[PDB]
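Novice: If you're matching them up, the sequences are chains B and A in order. With the deposited numbering applied, the first sequence covers 9 to 95, 100 to 192. With the deposited numbering applied, the second sequence covers 9 to 96, 100 to 197.
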Amino acid sequence: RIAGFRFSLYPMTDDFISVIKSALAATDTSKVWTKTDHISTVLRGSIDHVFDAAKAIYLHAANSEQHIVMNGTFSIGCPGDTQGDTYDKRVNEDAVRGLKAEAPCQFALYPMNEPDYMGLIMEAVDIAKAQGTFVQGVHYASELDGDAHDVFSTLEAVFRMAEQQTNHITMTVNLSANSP
Amino acid sequence: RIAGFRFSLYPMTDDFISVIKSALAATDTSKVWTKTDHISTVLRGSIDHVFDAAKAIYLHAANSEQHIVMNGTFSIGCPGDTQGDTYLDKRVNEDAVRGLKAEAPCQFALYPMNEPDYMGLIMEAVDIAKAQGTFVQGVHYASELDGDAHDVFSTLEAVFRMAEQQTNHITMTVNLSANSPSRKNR
Ligand SMILES: [Ca+2]
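1. Would you say residue 126(B) faces chain A, with C-beta separation under 8 angstroms as the test?
2. Hey, quick one: how far does the alpha helix (DSSP H) through residue 103(B) stretch, first residue to last?
3. May I ask you to list, following chain order, the residues of the region 142-157 of chain B that have a beta carbon less than 7 angstroms from some beta carbon of chain A?
4. Give every residue of the same chain whose Cβ lies closer than 8 angstroms to the Cβ of residue 235(A), excluding the five residues on either side of it in the sequence, and list them in chain order.
5. What is the residue span of the beta strand (DSSP E) that residue 52(A) lies within?
6. Would you say the region 181-190 of chain B touches the region 29-42 of chain A, given that touching needs at least three Cβ pairs under 8 angstroms?
7. Give a yes or no on whether the minimum CB-CB distance between residue 120(B) and chain A is below 8 angstroms.
8. Alpha carbon to alpha carbon, how far is residue 52(B) from residue 101(A)?
9. Name the chain B residues whose beta carbon is nearer than 7 angstroms to that of residue 48(A)?
10. Who are the neighbours of residue 24(B) on chain A, taking C-beta pairs under 7 angstroms?
11. I want to see whether chain A comes within less than 8 angstroms of residue 16(B), judged by CB atoms only; does it?
12. Where residue 21(B) and residue 190(B) are concerned, what is the direct C-alpha to C-alpha distance, given to the nearest angstrom?
13. So if DSSP puts residue 158(A) in a beta bridge, which residue, or which two residues, is it bridged to?
14. Which stretch, first to last residue, makes up the beta strand (DSSP E) that contains residue 149(A)?
15. By the criterion of Cβ-Cβ separation under 7 angstroms, what are the contact partners of residue 85(A) in chain B?
16. Terminal residues of the continuous alpha helix (DSSP H) containing residue 133(B)?
17. Can you check the region 11-94 of chain B for any alpha helix (DSSP H) of at least 4 residues that lies completely inside it and give the ranges in chain order?
18. Mind the definition here: the region 128-139 of chain A touches the region 81-93 of chain A only if three or more C-beta pairs lie below 8 angstroms; say whether that holds.
19. Taking the straight line between their C-alpha atoms, what separation do you get for residue 151(A) and residue 26(A)?
20. Taking the alpha carbon of residue 175(B) as the point to measure from, which residue in 147(B), 71(B), 126(B) has its own alpha carbon closest?
21. Sorry if obvious, but does the Cβ on residue 34(A) come closer than 7 angstroms to a heavy atom of ligand 1?
22. In chain B, which residues lie with their C-beta within 7 angstroms of the C-beta of residue 129(A)?
Quick look at the structure:
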């Protein structure tokens with residue numbers, strides 16, 4: 009039951025190559041299997057290590073002070089998922109404990125082959141409301157805001173709630189830092 | 009049965025504000041309802057008008073010659089969807108962009124909702140892309156396409172129509188990359 013995150017980092021700056029390279033390099037990526045291509049990067053591992061890596065990459069990118077966006081898809085349970093392309101402690105948490113970044117976010121939860129999917133989606137919104145990160149609903153997505161630590165905590169709570177109930181789920185996120 | 013596309017345009021350039029503004033302004037947006045916020049824009053309308061608009065926006069952005077990416081989600085049929093936020100047949104951009112070209116390497120994922128046969132629809136999607144010559148390979152969590160934008164958007168619309176004819180609520184994510192500096196050009 010391997011978790012994955014396929015994401016892209018978008019630096020709105022002439023210095024984009026360096027910004028991406030630095031954010032990935034600055035992160036402790038030792039607990040996730042990674043593959044980068046010219047469109048995106050995929051991370052695979054436990055839920056814990058995938059979310060820990062994803063937050064750290066965002067915080068390092070945001071702390072470039074450039075306008076950057078992280079847009080990706082979390083997935084777990086996909087039918088036929090390989091047992092390979094993988095290799100506890102949130103290895104980045106201490107290192108980034110003093111970093112902050114605002115993380116306004118649009119996200120969408122996709123519980124697959126699930127008759128009660130709209131209910132799982134409503135529970136996701138309820139979790140965001142309880143945690144203080146929910147802003148509003150929009151067409152095709154919900155909106156979160158707050159600091160990255162809180163927004164990533166909400167996103168993980170939602171994903172965990174859903175993956176406990178339904179075999180295959182995905183969840184898109186679109187998180188914007190230093191927006192003009 | 010209104011179709012939608014929530015998308016972001018990411019120009020990897022200091023001039024990003026101007027690039028996004030131009031791409032949206034250059035497009036004939038007369039047949040889609042739009043709403044833009046600081047993260048994304050949503051288009052709503054007919055399948056035809058939404059895809060016509062999406063392709064044009066991509067083509068105009070790419071012809072800025074800057075590295076730009078379009079990332080978004082097409083959606084149709086969500087339970088309880090409003091009958092509002094649309095406008096009440101021709102692909103209005105088709106002719107204006109008929110001479111534009113742009114590489115469209117793409118990762119995409121189809122999500123047929125509340126559908127026991129979804130993995131089968133996804134396989135049908137791969138079959139369409141192969142049939143049209145745009146399929147490259149499967150990757151974790153997505154399929155890859157490549158070709159010119161007119162070809163890639165054609166594959167994407169075909170996949171979308173195939174799925175929406177079979178299941179009530181579908182979504183489909185797309186990530187299209189133009190002018191990547193790592194791409195080898197002849
Ligand atoms: Ca216009």
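For each residue, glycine too, the CB sits at the ideal point set by N, CA and C.
Specialist: This is what the structure holds:
1. Position 114 of the first sequence, counted from the first residue, corresponds to residue 126(B). Residue 126(B) counts as touching chain A.
2. Here residue 103(B) is taken as the residue at index 91 of the first sequence, counted from 1. Residue 103(B) -> no alpha helix (DSSP H), and no H or E assigned at all.
3. 151, 152, 153
4. Outside the displayed range of chain A (9 to 197) lies residue 235(A), so it cannot be described from this structure.
5. Position 44 of the second sequence holds residue 52(A). Counting along the chain, the beta strand (DSSP E) containing residue 52(A) begins and ends at 49-53.
6. no
7. For the purposes of this step, residue 120(B) is taken as the residue at position 108 of the first sequence. Yes, residue 120(B) counts as interfacial toward chain A.
8. Translated into positions along the first sequence, residue 52(B) becomes position 44. Translated into positions along the second sequence, residue 101(A) becomes position 90. One C-alpha to the other measures close to 44 angstroms.
9. Position 40 of the second sequence holds residue 48(A). Going along chain B in sequence order, the residues near residue 48(A) (Cβ under 7 angstroms) are 118, 186.
10. Here residue 24(B) refers to the residue found at position 16 when the first sequence is read from its first residue. Simply 20.
11. One-based indexing of the first sequence puts residue 16(B) at position 8. Cβ-Cβ to chain A under 8 angstroms: yes for residue 16(B).
12. On the first sequence, position 13 is the one that residue 21(B) refers to. On the first sequence, position 178 is the one that residue 190(B) refers to. Cα to Cα, residue 21(B) sits roughly 12 angstroms from residue 190(B).
13. Stepping through the second sequence from its first residue, residue 158(A) is reached at position 147. None; residue 158(A) has no bridge partner.
14. Your numbering for residue 149(A) matches position 138 in the second sequence. Segment 146-150, the beta strand (DSSP E) holding residue 149(A).
15. Indexing the second sequence from 1 puts residue 85(A) at position 77. Ordered by position in chain B, no residue passes the 7 angstroms Cβ test against residue 85(A), which lies about 11 angstroms from the chain.
16. The count along the first sequence starts at 1 and reaches residue 133(B) at position 121. Note, residue 133(B): alpha helix (DSSP H), 129-143.
17. 24-34, 55-70
18. Not touching, per the Cβ criterion.
19. Counted from its first residue, the second sequence places residue 151(A) at position 140. Counted from its first residue, the second sequence places residue 26(A) at position 18. Between the C-alpha atoms of residue 151(A) and residue 26(A) there is a straight-line separation of about 34 angstroms.
20. As a first step, residue 175(B) is located in the first sequence; it is residue number 163 there, counting from the start. Nearest C-alpha to residue 175(B): 126(B).
21. As a position in the second sequence, residue 34(A) is number 26, starting the count at 1. Yes, ligand 1 has a heavy atom inside 7 angstroms of this Cβ.
22. In the second sequence, the residue the question calls residue 129(A) occupies position 118. Ordered by position in chain B, the residues that pass the 7 angstroms Cβ test against residue 129(A) are 124, 125.
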